[PDB]
Structure formats: C-alpha cells, structure tokens
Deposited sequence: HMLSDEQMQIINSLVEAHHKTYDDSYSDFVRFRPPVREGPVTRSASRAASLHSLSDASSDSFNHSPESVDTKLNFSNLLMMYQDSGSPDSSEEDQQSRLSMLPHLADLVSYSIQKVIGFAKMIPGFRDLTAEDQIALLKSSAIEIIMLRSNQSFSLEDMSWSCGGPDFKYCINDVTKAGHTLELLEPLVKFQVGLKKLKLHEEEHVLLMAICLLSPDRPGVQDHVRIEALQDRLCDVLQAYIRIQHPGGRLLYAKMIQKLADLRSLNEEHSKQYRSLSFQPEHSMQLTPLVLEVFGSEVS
C-alpha cells in the first residue's frame, strides 16, 4: 500500500489541479471571440495565454517546485508549458468527434481551427494521435495529475541549473505514480510504461510546435496578435 507522504503528494496535486482547471470553462467568453489569414489566432492566443497562467498556478503547488531558484522555475515552465497544456486539453477531448469541447459550440475546436492559427498537419496529425492514445489510457484523475507534475519536473530541459534537486523531485513523483498504478489501478500492469512513453511523444510535439511557432513569431503581422505572456513563454529571449 501507499505511504502517508506518498498519499499527501497525490492529495496536493489533485487539489492544485482542481484549483487551476475550470470545468465550466466560464472564462472562454472573455477571450477574443473565435472566427471560423489566421482568423483563429486571436482566440487561440488568449486560450493558450490563459492556460499558461493555470499551468503556473499548478506548478507553484507541486511539492518542491516553490523552493527552486526563480531561474529554474522559469526554465521548467518555458520548456514544458506547451506539453502541460496539451496534457490539460485532453480532459475536454472527445474520441467521437476528435475535438475539444469547452462549454458551447463556439468553443468546440477541430483540427481545422488550429490550422487557422498558423499550424500545419505536420503538428496536428501527431497531436490528435497523442490525444487519442492518451484518452484511451483512461487515466484516473490522480494519474493524469501526476503525469503533469512528472512532465513539469523533467530535469532534462534547456536552462536548468540544479538538475539534481529536480531529478530527485521527479523521481519521488514517478514512484508515487508507479505505486498508485500497482495498488489502485486494476488491469494497469503495463500502464506506467505507456505513460512514460506518452511523455516522449510530448517532446516530439513540443519540438514541432516550437518550430511552427518560431515561424509565426518572426512575422510581426502575426506576432502582434499574440499576448505578452505567450511571447515571453514561447520566446527565446531567455
């Protein structure tokens, strides 16, 4: 069975997530309305900007994160933001229509919508595939949340100074998840492996997203549609 500290960590993450993930999606009405050159950029820019703020809120609650140097926290957020965001979005992803449903039909996104935000199938194909394979793992809230904490605490990111203290925090988390799957998840003898593999898929997606983003960020007619926070987090001006 799980230890108290192991369980306290799970309770902390699940609560940090609930506190940073709004199931009513009542904030999407405050974004620049979606329009279906790059007509979806304004809306999706606000979505991502809003999601970054949520990921930051979450990160600050991951046990051990608050004690790192501001520099490492930055290095970790900047390098994993988009992957965490892709992980968070799976909650609203549907295996039927292969889309994201966030309240109303206005906020129902298809692969076509991201295309109108400057992205190509070069990225979207692997993205939907990742969403589908992830959705199929039918993760418990506790595993989904651990995966996001595991992801955010990867020491193998550029700019990370103390990759020993972070290597540790992630190890601690990785075993919590490993223990949880073995104790609380029936038919999950080979789930952990599949999950770690999902983290590897994220890297590829991250690489591809950054490429296409860089392309977009160098065109001022498009960069001007971005928000300050997005430009700072996806920027290279580190």
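Asker: For this chain, which runs of the deposited sequence have no C-alpha coordinates, given in order from the N-terminus?
Answerer: Holes in the chain trace, numbered from 1: 1, 38-97, 300.
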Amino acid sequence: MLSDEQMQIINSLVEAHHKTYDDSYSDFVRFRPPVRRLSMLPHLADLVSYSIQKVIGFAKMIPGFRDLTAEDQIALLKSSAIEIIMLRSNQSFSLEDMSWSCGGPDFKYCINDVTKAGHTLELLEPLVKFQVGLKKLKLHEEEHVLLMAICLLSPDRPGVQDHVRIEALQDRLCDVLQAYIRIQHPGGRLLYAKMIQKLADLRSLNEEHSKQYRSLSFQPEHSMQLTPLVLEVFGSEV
From here on, numbers count along this sequence of modelled residues.
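Asker: Averaged over C-alpha atoms, is the B-factor higher for 81-89 or for 108-116 in this PDB entry?
Answerer: So the stretch with the higher mean C-alpha B-factor is 108-116.
Asker: Given the B-factors recorded for C-alpha atoms, which segment has the greater mean, 47-55 or 60-68?
Answerer: Taking the mean B-factor of the alpha carbons in each, 60-68 is higher.
Asker: Within this chain's modelled residues, let me know which third the CA B factor of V35 belongs to: lowest, middle or highest.
Answerer: Its C-alpha B-factor, which the entry lists for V35, ranks in the middle third among residues of this chain.
Asker: Pull the Cα B-factor of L153 out of the PDB entry and bin it into the chain's lowest, middle or highest third.
Answerer: Its C-alpha B-factor, which the entry lists for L153, ranks in the middle third among residues of this chain.
Asker: What third of the chain, by the recorded C-alpha B-factor, contains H163?
Answerer: Its C-alpha B-factor, which the entry lists for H163, ranks in the highest third among residues of this chain.
Asker: Considering only modelled residues of the same chain, in which third does the CA B-factor of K198 rank: lowest, middle or highest?
Answerer: Middle third of the chain for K198's C-alpha B-factor.
Asker: Could you say whether, by C-alpha temperature factor, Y213 belongs to the lowest, middle or highest third of its chain?
Answerer: Bottom third by C-alpha B-factor.
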